[PDB]
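As structure tokens, the structure follows; a few thoughts come after it.
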Amino acid sequence: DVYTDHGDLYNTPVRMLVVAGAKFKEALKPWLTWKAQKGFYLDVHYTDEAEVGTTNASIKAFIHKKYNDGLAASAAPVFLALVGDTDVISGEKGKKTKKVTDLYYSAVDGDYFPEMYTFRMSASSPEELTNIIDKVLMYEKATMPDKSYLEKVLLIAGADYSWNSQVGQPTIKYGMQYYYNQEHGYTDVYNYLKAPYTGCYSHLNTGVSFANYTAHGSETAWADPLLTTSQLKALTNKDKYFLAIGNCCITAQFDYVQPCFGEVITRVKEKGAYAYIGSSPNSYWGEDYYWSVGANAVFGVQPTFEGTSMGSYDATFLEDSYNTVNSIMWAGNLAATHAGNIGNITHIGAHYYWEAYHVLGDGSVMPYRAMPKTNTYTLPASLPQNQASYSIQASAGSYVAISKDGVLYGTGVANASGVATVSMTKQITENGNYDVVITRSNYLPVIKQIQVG
Ligand SMILES: CN(NC(=O)CC[C@H](NC(=O)OCc1ccccc1)C(=O)N[C@@H](CCCCN)C(=O)C(=O)NCc1ccccc1)c1ccccc1
Ligand SMILES: [Ca+2]
Ligand SMILES: [Ca+2]
Ligand code: NA
Ligand code: NA
């Protein structure tokens, strides 16, 4: 089925192709440094290069060739990071949506399924890009002083006379029944199923890890209950950054005449989100229902886990897959596609959904699920020079990276017995303090150093 045909794109060693506007080189450096340190092999290019060019056609041809060449060399990019707004990386009009999309940078072969997990760090200045990066770094390095905010979420079934009861409430209730609850470590599940909505956005200030709104959207707002771009600029959630998902119309229409809601919520300084998932064109009640809960969901009838396929909430909470921000969006789109394949009621079609939904901000983040766990590991006392690999022990599934000065030297995944064989693509030939980073989905990172010589 579509789930086995097009599963989670995450793979290791993690590879990321970055295409950025030339003005962002200095601001982007701390983000590239951290991504290399945590084990991403980066291939970084700018719109001032001959091979990239400055047009949709040249940038797309560049990306497609990089993917195809990487795949031929058993080294396909996993992620595609687009850095800049539409003045530097334009996107193009969707065939189905008639609105801007980044899909065709990611969709390399003939179909409408991406080859890479794509996200856009949309900024209008280096300062706005730094704003996004600082939130990502605090979240991924887990340097926030109030980690308890990670145990809290905000879920809203917004206003619609007919659809709030038929789809909005069943969507949020399914999320709460199976995942956003005390049994999964969430101490505060702020939820608004219907009016009165009064005070529902206060929780974005006090602290939540995740906010999901399903109902009406505009280019610059969650419409009812209302949260505008002007209100996003007045949030006070310093050091308490969230993932937000707007299952609603047009909040991610990132070529709008003003910065769209998804751009503002990620660009705002020391407040708002580290990533946003939303739709560039209108979204639809039926496909958004399946997106969150799974296919085989029925309007006006509460869905259960046994009676639906995998949706975005289900995938998020799988422990061993669908652990990135991009993968949450991917799972939702798979569910909307599966609904069509099995003959459920559909309102607009899968191709439209793959063109519609986007990640703004950093889609490569692995969101925590309530309070992340403390990892176990053993570092060797030394790293002998000129070795093809090193063993590092860490809990099964952890990803280990050895680097220095923001240059990645080697990576490995801990096997089922907790042994990571770190393959050194660059051997250690010089004395120095080498960084060792260990990450795992829903675990706090380990950031240490080993002295050589
Ligand atoms: C943007 N637009 N909306 C539309 O055209 C509707 C698009 C679209 N129609 C739809 O879902 O239809 C389903 C259906 C199929 C078969 C039968 C009956 C229903 C729709 O309502 N989109 C919704 C999101 C629904 C999914 C939530 N999880 C969208 O956010 C929307 O319409 N926003 C408009 C809006 C903007 C500002 C304030 C209020 C409303 C609009 C703008 C101004 C005036 C009227 C419509
Ligand atoms: Ca494809
Ligand atoms: Ca824009
Ligand atoms: Na499901
Ligand atoms: Na998951």
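Throughout, numbering of the chain's residues begins at 1 and tracks the sequence. Computed from heavy atoms alone, side chains included, the values below leave out hydrogens, waters and symmetry copies. Indexing begins at 1, ligand by ligand and atom by atom, following the structure's order.
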- Output the atom name for the N/O/S atom of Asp314 with the smallest distance to the Na ion (ligand 4). OD2
- Message: If I take every N, O or S atom of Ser321, is at least one of them less than 3.0 Å from the Na ion (ligand 5)?
- Response: yes
- Query: Of all the atoms in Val108, is at least one N, O or S atom closer to the Ca ion (ligand 2) than 3.0 Å?
  - Reply: no
- Flag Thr304 as yes if one of its N/O/S atoms falls below 3.0 Å of the Na ion (ligand 4), otherwise no. no
- Item | Vertex the Ca ion (ligand 2), rays to OE2 in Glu115 and OD1 in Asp109 - rounded to 10° | 90°
- Candidate list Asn56, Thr55, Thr54, test side-chain hydrogen bond (donor to acceptor under 3.5 Å, both in side chains), partner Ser58, passing option: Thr55
- Query: Can an N, O or S atom be found in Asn296 less than 3.0 Å away from the Na ion (ligand 4)?
  - Reply: no
- Item | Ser209 side chain to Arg369 side chain, donor-acceptor N/O pair below 3.5 angstrom | no
- Message: For the residue pair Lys96 and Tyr352, would you count it as a cation-pi contact if the rule is NZ or CZ under 6.0 angstrom from the ring centre and within 45 degrees of the ring axis?
- Response: no
- Query: Of all the atoms in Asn323, is at least one N, O or S atom closer to the Na ion (ligand 5) than 3.0 Å?
  - Reply: yes
- Message: Taking NZ in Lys152 as the centre, count heavy atoms belonging to other residues, nucleotides or ligands within less than 6.0 Å. Is the count above 12?
- Response: yes
- Task: List the steps, then state whether ring-ring contact (aromatic ring centres under 6.0 Å, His included) holds for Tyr313 with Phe317.
- Result: CA-CA 7 Å; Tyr313 297 148; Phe317 283 79; 8.2 Å; no
- Message: Of all the N, O or S atoms in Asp111, which has the shortest distance to the Ca ion (ligand 2)?
- Response: OD1
- Should the pair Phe119 and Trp31 be assigned to parallel (<30°), tilted (30 to 60°) or perpendicular (>60°) ring geometry? perpendicular
- Message: With respect to the Na ion (ligand 4), please indicate if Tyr313 possesses an N, O or S atom at a distance under 3.0 Å.
- Response: no
- Could you tell me whether any N, O or S atom belonging to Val293 is less than 3.0 Å from the Na ion (ligand 4)? yes
- Task: Take the angle between the ring planes of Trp222 and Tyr276 and call it parallel below 30°, perpendicular above 60°, tilted in between.
- Result: tilted
